[PDB]
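Heads up, the chain below is alone and in the form deposited in one PDB entry; it's given as structure tokens.
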């Protein structure tokens, strides 16, 4: 019971491994209903058992790839490989690579700096209003820390060089840096073997693969002008509306009627789909291709427009409250937000106030008119009649 045993100081790396929850989410098993992509079945809603932290280190690299489309509009493809037997995940993107040159301040090559050193980012200057998902300078290093092997390969024609270096043992050591002359099409490829012992797992089982695959479909549905491949197979997704259809296709309410779906691409930064829900308020949303599974002010900003307008209709007739109207809604929101803020590194809840979004999302009078007639008002009027 000595003072030095009671009061302890931890390094940054030690703290991440000792307290992973605020960095990557829970490292313990979770059992809950999720949307997944099952082989031969597609998008479906079922109970899944998985470790959030493992899902998240995959997500960090995948979002980083999508971020490059904002950095370089010439980027066109993301290629994802998932090899459960060899415990191997690879994420590849074209467009401009990372500059392969020595950082004059930190005195090391840039790819080694931003992948092997904590708190390193190109998103630290918020005078630039960016719609990338990267914000904090942790993501890629967290995947590195929770991998037994983590390899960065990036090629920059501008610098006429290609970079390749491997980290091992939870970013505890690095292999040899490979520099080669390069004069081809730029690319970046991140290949890592997740440290499954950190997650009390033995392999990338059916459930986590089904989640990682559905996440690849998310990227295909949330980005623009980006082809997404999964294990060499192109994913058949064209726009957010076709992605949303994969959830609603052939769904029926309890009475037997097909779900009425209201859609509007409000502008180049907002796309909204609205249908009816029988299990309370449901939302599926994305901010800068991040799956905001706890929602955020972008979801409230869209849903509160619909709720207030629907409440005004029930008030002409018939005492109703907004939460009663909201529990009949299932909304899909794909948004591009400038310099978003979140509650945590996992970025599941987007906290930025609408006045700082950098854009607006006023639903058309056509959308609202289609929403007053989607049966939500009918399901509220029959309740007041009781």
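Numbering follows the first chain given and starts at 1. The term rigid core refers to the maximal set of C-alpha atoms that superpose within 1.5 Å between the two forms.
In what follows, reference is made to the form deposited in another entry, a form of this protein that is not presented.
- With the rigid core aligned between this form and the one not shown, only one of 158, 106, 169, 278 has a CA shift of 2 Å or more: 278.
- In the core-superposed comparison between this form and the one not shown, the C-alpha atom of residue 334 has shifted by less than 2 angstroms.
- Once both forms are fitted on their rigid core, the CA atom of residue 344 lies 2 Å or more apart between this form and the one not shown.
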